[PDB]
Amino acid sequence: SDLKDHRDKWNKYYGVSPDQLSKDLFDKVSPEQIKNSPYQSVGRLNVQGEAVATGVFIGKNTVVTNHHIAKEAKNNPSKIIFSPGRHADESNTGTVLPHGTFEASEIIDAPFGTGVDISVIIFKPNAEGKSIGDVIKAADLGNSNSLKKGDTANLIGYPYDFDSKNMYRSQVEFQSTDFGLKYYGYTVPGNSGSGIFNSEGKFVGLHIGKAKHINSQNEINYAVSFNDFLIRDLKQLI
């Protein structure tokens, strides 16, 4: 039965304490990997007082997150701080911001309707007058149309609720791909704004959260799916 199959698959990820999940389903990104793509584009989005989430940096002082995060700023952008590459130090007592942080200049709250849970934030430069583009490389957008059921990918972001310090790689398995993206995978609420990266390094989607599946008693993860229409429409800001 479809329900049992779902329950069973979902328990691969939620049946055990997250710390007992295998590294290949859920693992801390290491400081070496964070120097690289796809990892370096990803970063912790903070909204002072309100929320902690993820964002992917897409170029030229500009970062995408969920609309459900950004809105919380209430068109007051200096509540929003981005921190790319952020990770615990070796002991795991402290924190490293390898390229510091940024404060928001202004919010483009849900540019493609409240239909799509996405927002674009533009940050100012840092205290040195550097801009995110200077210090890290932009994530590389691509269509999701090539993904399909049973395929796997990498969700990458900051699972705050599990671990406030590090970026994690969550391996995900697609259940369907035509209208949005829906997948098995360990995520927590901080993963709002995590990035779906395919076997070629391409930013093809943006994790939103969880949604009812089969019935009200079950759920699955879903993301904004990326098509050429939105790729173009996004690249009109950067």
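For every residue, the number given is its place in the sequence shown, counted from 1.
Per-stretch averaging of Cα B factors for 152-160 and 86-94 places 86-94 on top. Taking the mean C-alpha B-factor of each stretch as recorded, 164-172 and 121-129 are not equal, and the higher mean is that of 121-129. The PDB entry assigns the greatest CA B-factor among 182, 28, 60, 212 to 60.
Among all modelled residues in its chain, residue 205 ranks in the middle third by Cα B-factor. Annotation for residue 4: CA B-factor lies in the middle third of the chain's modelled residues.
When the modelled residues of the chain are ordered by their C-alpha B factor, residue 230 lands in the highest third.
Among the modelled residues of its chain, residue 189 has a C-alpha B-factor that falls in the lowest third according to the deposited record. When the CA B factors of the chain's modelled residues are split into thirds, the value for residue 38 lands in the middle one.
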